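Proteins get letters first, then strands, A, B, ... in listed order; numbering begins at 1 in each.
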Amino acid sequence: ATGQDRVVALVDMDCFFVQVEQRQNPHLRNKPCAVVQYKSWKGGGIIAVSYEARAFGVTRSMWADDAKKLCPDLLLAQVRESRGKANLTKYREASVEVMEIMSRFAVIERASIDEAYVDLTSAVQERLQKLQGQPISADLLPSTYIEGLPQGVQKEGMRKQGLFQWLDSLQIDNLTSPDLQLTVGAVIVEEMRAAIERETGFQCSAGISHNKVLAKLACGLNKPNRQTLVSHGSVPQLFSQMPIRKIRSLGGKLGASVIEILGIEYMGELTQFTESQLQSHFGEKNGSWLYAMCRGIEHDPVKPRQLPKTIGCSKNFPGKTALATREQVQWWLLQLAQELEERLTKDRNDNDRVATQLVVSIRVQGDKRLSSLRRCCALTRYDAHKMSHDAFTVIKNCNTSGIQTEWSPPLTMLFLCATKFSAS
DNA sequence: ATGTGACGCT
DNA sequence: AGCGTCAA
Ligand SMILES: Nc1ccn([C@H]2C[C@H](O)[C@@H](COP(=O)(O)NP(=O)(O)OP(=O)(O)O)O2)c(=O)n1
Ligand SMILES: [Mg+2]
Ligand SMILES: [Mg+2]
């Protein structure tokens, strides 16, 4: 069993927030530029970076003042602020544009604001019947790389050489061949990406493979504005020098313990271990997942879900801005509640659903965790004053200050999240 | 002083 | 229900 039953694609917009700002402001197009939030602390935090600016070393999570040292001509678009908070509505609305287009071709799993997985298995079957044994020509794959080819001068010439080798070895006599299915999947993803660019102006990259992990890895191989086919046969060479941390979900603690417990570096080294061995170190599910994954096999389905299942709104209060008075906490809980309410009302009108749970999270000064404490409470009315009052009720117990007006220990984050949606 | 969404574990 | 991880 080779895990070649499905055709899965991962479409990811290139430097998404930048492209959103570049569409709106033509003077930013074809320039080193980045998107920044809050200009007051070190010129603001960089949150997205055009490929021209990336060539100078500018990255996400950099302060704009430091980015300017690397790239003095860097152009910056600023995130909208509302009620004292960075507001991401323009990017969420642009996300909805691209997802609705992708949804025309197949069912999609929203994986982030700027990417979706798509199960193309059925669409490939139908497209194979319309083709009626007719070969696939290179003109149908004008931006596709075949990973690991060519084998046996300039960028575009080698892409074509690899594509030509792939298409000349293709056995179209068989409508069940997985390589043919992947190839037809890639013809559809070219049309998908052309529709996105035509109808939004936004460019994106894609990976095409047999499962989600390989599709996502494939997408990043030839960014920007290109797509990549990772076939089952290409996995052994691909994985033989692929660091473990590059595989989705292995970029943190679990991947680091794989490396340390097993004494290995690359994904292909995992194949020498039995399934039971991997389960002993990493548990039954992780072990089974690793045993199949290092062979290019994974079964996680593309879930039919185009909409987020939580709706969240948070604000950081770093260092000396931390909230230390009762009245401060109440004012910022109401600012957040008002943003959440307008987001929730729009969600109900657009998507015919209502959240029923409100989760209230806070961070306390001196805690290195994301959240210091989470408490849930009922969400009955999209009313910001009631939501903020309710949110305060369930956290006022955390004020350990003897004086009534002060708040201690001081709060470095407030986080409101509406969840548990039901039809409406 | 980086600044919200999906999921597994218990 | 409350927490931790990974990321996007
Ligand atoms: N930590 C992060 C990751 C992403 N984002 C936002 C900004 C991104 O433009 C957008 C999509 O994230 P992304 O796909 O990981 N990278 P981006 O689309 O900017 O560039 P590519 O590397 O995908 O071409 O989500 C963020 O604000 N904070
Ligand atoms: Mg992207
Ligand atoms: Mg992305």
Side-chain angles (χ1 to χ4, degrees), chain A residues 10-17 34-48 59-67 78-81 84-89 91-92 95 99 109-117 204-205 212-213 215-217 219-220 245-257 282-286 289 300 303 305 307-322 336 339-340 343 347 355 357-363 365 367-378 394-395 412-421:
Chain A
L10 189 270
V11 179
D12 189 284
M13 317 294 309
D14 305 325
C15 52
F16 189 41
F17 288 14
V35 174
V36 63
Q37 55 192 18
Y38 303 124
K39 288 289 284 140
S40 254
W41 178 275
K42 320 197 138 211
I46 299 299
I47 71 173
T59 64
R60 199 182 65 235
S61 99
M62 221 178 232
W63 302 115
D65 291 355
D66 302 320
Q78 237 189 309
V79 176
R80 187 168 94 222
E81 279 179 48
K85 196 192 154 272
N87 186 296
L88 302 180
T89 303
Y91 314 113
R92 285 183 192 105
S95 177
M99 311 265 170
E109 176 176 353
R110 182 203 202 270
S112 93
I113 200 168
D114 95 316
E115 71 208 81
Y117 296 93
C204 60
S205 299
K212 288 161 66 167
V213 167
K216 169 71 172 168
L217 186 63
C219 186
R245 66 179 175 279
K246 307 301 181 179
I247 270 60
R248 181 199 203 211
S249 79
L250 296 180
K253 269 184 222 321
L254 175 59
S257 77
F282 311 115
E284 170 185 322
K285 300 66 47 193
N286 280 338
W289 185 79
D300 189 49
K303 303 144 116 72
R305 190 199 38 99
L307 302 170
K309 39 173 61 140
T310 52
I311 291 184
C313 180
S314 65
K315 174 117 179 103
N316 281 6
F317 301 99
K320 44 73 170 181
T321 52
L336 293 179
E339 191 204 328
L340 193 54
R343 276 188 75 198
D347 184 72
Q357 191 169 311
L358 172 83
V359 181
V360 182
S361 177
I362 67 170
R363 200 183 28 156
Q365 189 143 73
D367 189 349
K368 295 310 279 333
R369 315 181 264 169
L370 200 89
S371 163
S372 275
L373 170 139
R374 258 167 282 197
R375 295 285 197 265
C376 57
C377 84
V394 86
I395 69 149
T412 46
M413 204 207 312
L414 291 178
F415 190 7
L416 301 180
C417 179
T419 184
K420 305 278 219 292
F421 282 86

* Might you work through the side-chain contact (heavy atoms from CB on, under 4.5 Å) test for A:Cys313 and A:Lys85, ending with a clear yes or no? => CA-CA 10 Å; A:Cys313 180; A:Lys85 196 192 154 272; 3.6 Å; yes
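- Across the protein-nucleic acid pair, A:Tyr117 atom OH and C:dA7 atom P stand 10 Å apart, rounded to whole Å.
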* Just do the side-chain contact (heavy atoms from CB on, under 4.5 Å) check on A:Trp289 and A:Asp300 with the steps written out, would you? => CA-CA 10 Å; A:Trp289 185 79; A:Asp300 189 49; over 6 Å; no
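- For the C1' atoms, the distance linking C:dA7 with B:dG3 amounts to 14 Å, nearest Å.
- Nucleic acid contact class of A:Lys85 (heavy atoms, under 4.0 Å, all strands): sugar-phosphate only.
- Taking atom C1' on both C:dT5 and B:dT4, the two are 14 Å apart, rounded to the nearest angstrom.
- Checked against salt bridge (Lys or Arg N to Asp or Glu O under 4.0 Å), A:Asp14 has the following partners two or more places apart in sequence or in another chain: A:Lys223.
- Put simply, CZ on A:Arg248 is 13 Å from P on C:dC6, counting in whole angstrom units.
- Distance, A:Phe282 CZ to C:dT5 P: 16 Å, rounded to whole Å.
- Between the P atom of B:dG3 and the CH2 atom of A:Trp41 lies a distance of 9 Å, rounded to the nearest Å.
- A:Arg305 contributes a side-chain N or O that, together with a main-chain N or O of A:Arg110, makes up a donor-acceptor pair within less than 3.5 Å.
- Rounded to an integer number of Å, the gap from NZ of A:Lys42 to P of B:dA1 is 12 Å.
- In this structure, A:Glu109 contributes its side chain and A:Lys303 its backbone to a donor-acceptor pair below 3.5 Å.
- Judged by closest nucleotide on DNA chain C, A:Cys376 is the one of A:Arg245 and A:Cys376 placed further toward the 5' end.
- Candidate nucleotides B:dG3, B:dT2, B:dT4 were compared by shortest atom distance to the side chain of A:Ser314, and B:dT4 ranks first.
- For A:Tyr38 (side chain) and A:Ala86 (main-chain N/O), a donor-acceptor pair under 3.5 Å exists by modelled atom type.
- A:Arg343 contributes a side-chain N or O that, together with a main-chain N or O of A:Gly312, makes up a donor-acceptor pair within less than 3.5 Å.
- With A:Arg363 as the partner, the side chain to side chain contact (heavy atoms under 4.5 Å, CB included) test is satisfied by one option alone out of A:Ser371, A:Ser372, A:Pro318: A:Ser372.
- Contacts of A:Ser371 with the nucleic acid, taken as non-hydrogen atoms under 4.0 Å apart, are absent.
- Among the protein residues, A:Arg369 comes within range of the sugar-phosphate backbone only, with heavy atoms under 4.0 Å from sugar or phosphate atoms but none that close to a base.
- Residue-level contact check: A:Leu250 touches the backbone only, with heavy atoms under 4.0 Å from sugar-phosphate atoms and none from bases.
- Atom-to-atom, CE of A:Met62 to P of B:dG3 comes out at 16 Å; the value is rounded to the nearest Å.
- The listed nucleotides are C:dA8, B:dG3, B:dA1; the one nearest the side chain of A:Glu115 is C:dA8.
- Between the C1' atoms of B:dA1 and C:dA8, the separation comes to 23 Å (whole Å).
- When each of B:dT2, B:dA1, C:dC3 is scored by its nearest atom to the side-chain atoms of A:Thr321, the top-ranked nucleotide is B:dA1.
- In this structure, the CD1 atom of A:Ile247 is 11 Å from the P atom of C:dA7, given to the nearest Å.
- Between A:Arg60 atom CZ and B:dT4 atom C1' the separation is 13 Å, expressed in whole Å.
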Might you list the N or O atoms of the protein lying below 3.5 Å from N or O atoms in nucleotides 5-9 of chain B, with each pair's distance?
residue: B:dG5; atom: OP1; partner: A:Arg92; partner atom: NE; Å: 3.3
residue: B:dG5; atom: OP1; partner: A:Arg92; partner atom: NH2; Å: 3.1
residue: B:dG5; atom: OP2; partner: A:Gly312; partner atom: N; Å: 2.7
residue: B:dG5; atom: OP2; partner: A:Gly312; partner atom: O; Å: 3.1
residue: B:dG5; atom: OP2; partner: A:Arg343; partner atom: NH1; Å: 3.4
residue: B:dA6; atom: OP1; partner: A:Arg305; partner atom: NH1; Å: 2.6
residue: B:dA6; atom: OP2; partner: A:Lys309; partner atom: N; Å: 2.8
residue: B:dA6; atom: OP2; partner: A:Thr310; partner atom: N; Å: 3.3
residue: B:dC7; atom: OP2; partner: A:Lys309; partner atom: NZ; Å: 2.4

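- Listed nucleotides C:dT5, C:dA1, B:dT4 differ in distance to A:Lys253; the shortest reach to its side chain belongs to C:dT5.
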